[PDB]
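Enquirer: Need a 3D model of the following:
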Amino acid sequence: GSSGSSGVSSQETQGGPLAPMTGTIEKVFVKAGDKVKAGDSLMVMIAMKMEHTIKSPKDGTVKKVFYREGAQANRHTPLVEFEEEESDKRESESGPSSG
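Expert: Residues are numbered from 1 along each chain as shown. And now the structure:
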């Protein structure tokens, strides 16, 4: 999910994962000013009596966590915030059009 989205005022989310569904934070293996790796066990949630390992979407220095053990999150909510991204210019390509 990148580039576009539709139905938005500004930016639904930015820099940070989003909870899957309404659950409760069981464990938290993160912290501010911490270092993680894309696909790392950030925290653990509990929704359908099942352990949902919230894996990191990307790598970065955890800015701050807005949830802890025994926390209640909602569907599509900010769990952790990544630090300002530095040195990283995306790529793009354009071409001529007939019409």
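
Enquirer: and the end-to-end length of stretch 85-97?
Expert: Terminal residues of stretch 85-97 are spaced 34 Å apart (Cα to Cα, to the nearest Å).

Enquirer: no, scratch that, I was asking about stretch 32-45
Expert: This stretch, stretch 32-45, spans 19 Å end to end (Cα to Cα).

Enquirer: residues making contact with that stretch?
Expert: When contacts are defined by Cβ atoms under 8 Å, 6 or more residues apart in numbering, stretch 32-45 is touched by residues 17, 19-20, 23-30, 51-65, 67, 73, 79-80. Using the backbone N, CA and C atoms, a C-beta is placed for each residue, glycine as well.

Enquirer: how about a cut-off of 10 Å?
Expert: For stretch 32-45, the surrounding residues in contact (Cβ atoms under 10 Å, 6 or more residues apart in numbering) are 17, 19-30, 51-65, 67-69, 71-73, 79-83.

Enquirer: how about the closest residue to residue 13 other than its chain neighbours, what does it touch?
Expert: Once flanking residues are discounted, residue 13 sits nearest to residue 78: 6.9 Å by Cβ to Cβ, 6 or more residues apart in numbering. Shown in contact with residue 78 (Cβ under 10 Å, 6+ apart): 13, 14, 15, 16, 17, 18, 19, 65, 66, 67.

Enquirer: same deal with residue 56?
Expert: With contact set as Cβ under 10 Å, 6+ apart, residue 56 has these partners: 16-17, 30, 36-43, 62, 79-80, 82.
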